[PDB]
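Next come C-alpha cells for two forms of one protein chain, structure 1 first, structure 2 second.
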Structure 1
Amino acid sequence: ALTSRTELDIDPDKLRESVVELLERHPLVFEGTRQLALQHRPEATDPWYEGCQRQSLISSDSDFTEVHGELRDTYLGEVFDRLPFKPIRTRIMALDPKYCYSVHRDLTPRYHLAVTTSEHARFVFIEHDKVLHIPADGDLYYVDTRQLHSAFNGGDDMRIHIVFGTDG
C-alpha cells in the first residue's frame, strides 16, 4: 500500500519537546529540506551531519547504523527503542514553510514519524491520485515514496519528521 501505520504509542507532546531541545543543541542544516543525522557511521568524525544528504547522487544507507550516544537519555531515544526494525540513516527531515519537492520517485521507501506538522503538509501521489497527511500522533507511517509523488508544506511553520530507513 502507499502507507501503513505501526502503533508505537509514543507521546507526541513529549516527543516534540524532546526534538525541540535537541535542535537547540544541534541545529538543522540546509534549506528547503532541513536535516539532522540521528545515526552515524562507526567512529565518525561528523556524526550529526554526515548522514544528511540532498544531492542528486544518493549514497548508500547501509553504514549509518549507530544511534548517537546522547539520544539514550532522551525521549527521542525511546522512539528508537520501540522501533519494530533496525533503522539505518535515520534523519530529521524538516520541510520549510511554503516549500515543496519535484514530482519524482525515490529509490527507497522510508518510515515517517511526524513530530510537528499541520493540515498544510501533505504527500501527493500523482498516479494513485491520492493526497496523504501524516499526523503527529506518535505513530510510525510507512510511506512508499517509490511511487511517483511530491510532498509540500503550505504552512508557516516547518513540518518536522523523523525519517527512518531500513534494509530488513
Structure 2
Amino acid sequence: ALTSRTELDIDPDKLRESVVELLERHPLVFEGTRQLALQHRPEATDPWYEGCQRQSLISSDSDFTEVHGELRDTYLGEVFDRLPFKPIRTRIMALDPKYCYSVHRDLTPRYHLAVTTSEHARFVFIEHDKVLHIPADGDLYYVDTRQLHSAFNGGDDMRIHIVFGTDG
C-alpha cells in the first residue's frame, strides 16, 4: 500500500559507478534538487531535461516513455530491463547536502532505487506518521507519493536516487 520493497539484486557499486560516469557526460540541472531525465517523450528536442520541468508544465508523465538509446548498453539499461513494471518519466533525483522538499502530494506513486545515501536521508509520510530510509541495497522501493510526504538529506554529501514513475 504505502511502501514495498522489490528484489532487484542490483550491485550498488556498479550502479554508483555507472551513474557517476553518466553524470560526467550529462550533468544534473537545478541547484537544490538536481535532476536528469532518463526517459523522454517521442521526438523530444531536449530529451535529457524536458522531463525535469515543473509538473504544471508536464503534458502527462505517461508521455515520457523512451529510455535514452545511449543507456541500453550500460548498467543503467540493465536496471531498466529488470523492472517489474513499465516506467514513465524516470529521473535521477539528487538532494544537495542539508536540502529537503516541500510537504506535498504527487499525482502518481513512484519507485526509488537509491544510488548514494546515508543515515541522514529519510522519506517522511506526514499524515501516516511514518519515517522511511531508502537504502542503496540494489532493491526497488515503492512509495505512494500520492500521500502527503517530503524527503530530506541531512548528510554532508549529495543523496542520489533514480526515481521511476508508474502507471500500472
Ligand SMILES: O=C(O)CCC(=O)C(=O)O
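C-alpha atoms forming the largest set that superposes within 1.5 Å between two forms make up the rigid core. Counting starts at 1 and follows the sequence of structure 1.
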Form solved in complex with this ligand - structure 1 or 2: 2
Large Cα move at residue 55 between structures 1 and 2, threshold 2 Å, rigid core: yes
Rigid core superposition, residue 70 Cα moves 2 angstroms or more between structures 1 and 2: no
Core-aligned CA displacement of residue 106 at least 2 Å between structures 1 and 2: yes
Rigid core fit between structures 1 and 2: Cα deviation of residue 44 in angstrom: 0.8
Value in Å for the CA shift of residue 151 between structures 1 and 2, taken after the core is superposed: 1.0
